[PDB]
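Just the one chain here, the form deposited in one PDB entry, laid out as structure tokens.
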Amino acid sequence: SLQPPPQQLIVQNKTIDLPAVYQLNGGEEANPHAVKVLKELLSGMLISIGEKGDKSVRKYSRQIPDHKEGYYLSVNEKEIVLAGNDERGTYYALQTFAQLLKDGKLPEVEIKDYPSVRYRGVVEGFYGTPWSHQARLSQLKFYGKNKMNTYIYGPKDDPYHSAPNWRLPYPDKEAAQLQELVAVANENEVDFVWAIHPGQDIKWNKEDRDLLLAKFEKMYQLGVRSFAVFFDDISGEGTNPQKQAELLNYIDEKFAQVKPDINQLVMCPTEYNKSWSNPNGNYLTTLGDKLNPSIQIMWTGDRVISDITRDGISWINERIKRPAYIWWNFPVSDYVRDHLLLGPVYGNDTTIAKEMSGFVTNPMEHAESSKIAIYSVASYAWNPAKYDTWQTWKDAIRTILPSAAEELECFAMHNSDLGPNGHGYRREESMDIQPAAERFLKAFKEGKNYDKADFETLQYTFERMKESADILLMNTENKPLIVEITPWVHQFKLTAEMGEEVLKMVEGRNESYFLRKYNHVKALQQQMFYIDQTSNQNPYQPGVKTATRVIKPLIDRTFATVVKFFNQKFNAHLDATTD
């Protein structure tokens, strides 16, 4: 089950063993990063590793795809061939090789691969608590594993990339940590893109221009080889696309064209989605016209939160006269901070790879939890035409938490919707039991017998959520993930219990039992409010919501309805509300 799926793949249905004795050909010649991975997989048979042009992979150079980051991989009993179009490609061959190895044994196959989107990875662009240094080292290694080549770096607690301290050099301590990120991004074939955010206090004069240049040069000396300049945050003169183009072209010419090894050079426009673009203005096409063709322009789609469509990307491509570099604002939850967004990644058109220069995801402030979407994005961006939302979602989860994948699946299935929000952006959730939920409720609401099978499905779900919750909380394979999701897990358990007791009210043996359940529900609704007042307290959407699209309303509505039915029956007046 390769992730991302290779462009071309032929499997033989024979299978050889990792050879106990082998002979490495190209050890000296291939990308050291890939070879290091090979040595670690290899802790006799001919294994050939190298890039196009290496003496070691001469025999196979017609098999190597002619694409940046492409590779040829081969496995049969005679030899193993791992051969890149360039260094990054060989490393990518090795990342695929590692997924093939299962029990010192390899399948016999032949693969020709390359990415369909040129740039792919993550932009650290969410409001909230910034990630720790450690979380970032871990992200970078996860990117290399999934062949993401882009990391746009922006922690919001580092003031040396924005007003006013962008002007200033990183202090020693922070510098060295930053170097460490760059070192790790290099080893894993990721472009560390340092992004500067000047728009707040930038002057259109030559001195500020020079200070930026020198800042870029300092980052260069610390190892950075890719750069972004942000203009989303600016006003007045600064909003002139003409002048933005001049400054960026200026940096291209005096800097990027002058160093030998500058990879990405990227800007974020002042109008970065169609809806905040002024059709009575000039901004985009002027930028398109005046900005050097090798400079990327970032774009989030039709609206701030938006999936990428064919209409959507034509519309921006026509204007900037190049393929947009997509900034996808999902799974970022910084405007729905009381939700986790753990669902699958979908909605982006799968036939538009030629039309986009980059694809990056803006993740949640929950770094590990974000790995589900991130792995899915890497898959989508590498081979959109073979993109399989749901298999890739299950694959991500099995990858992040193999020892409790079914449990994270159950939990994630019911934590994907945003609930109503200022952006009007929603996701599906709980689709598996939706039909049973809706039938049971329609029948139940109208005094009409519900179906036993729907009742049992709901029962079953609640039981399974409790099991999953409890396994999740005690799991120690990925502690960071568990630390991140714990409050919500507790909340998810409470939801399940609440569901169980309400269902017991529906089954309703006798009046006294019914009041026990009723009081137990009130008490549980009560601990949910507790958690929601004491956990995840942030200024904007403080708290913890879970299972909110289908499940909590099914339970609330079933509760109101059953109490109503109880009040008629016994001329009682129990409060029927869930709030």
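Each form is matched to the other, and the largest set of C-alpha atoms that superpose within 1.5 Å is called the rigid core. Start at 1 and count along the sequence shown; that's the residue number.
There is another form of this protein, the form deposited in another entry, and it is not shown here; the text below is about that form.
- Of the residues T457, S162, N362, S357, exactly one exceeds or equals a 2 Å C-alpha shift between the shown form and the other one once the rigid core is aligned, and that residue is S162.
- Once the rigid core is overlaid between the shown form and the other one, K206 counts among the residues whose Cα shifts by 2 Å or more.
- The rigid-core alignment places the CA of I234 2 Å or more apart between the shown form and the other one.
- With the core superposed, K173 shows a C-alpha displacement of at least 2 Å between the shown form and the other one.
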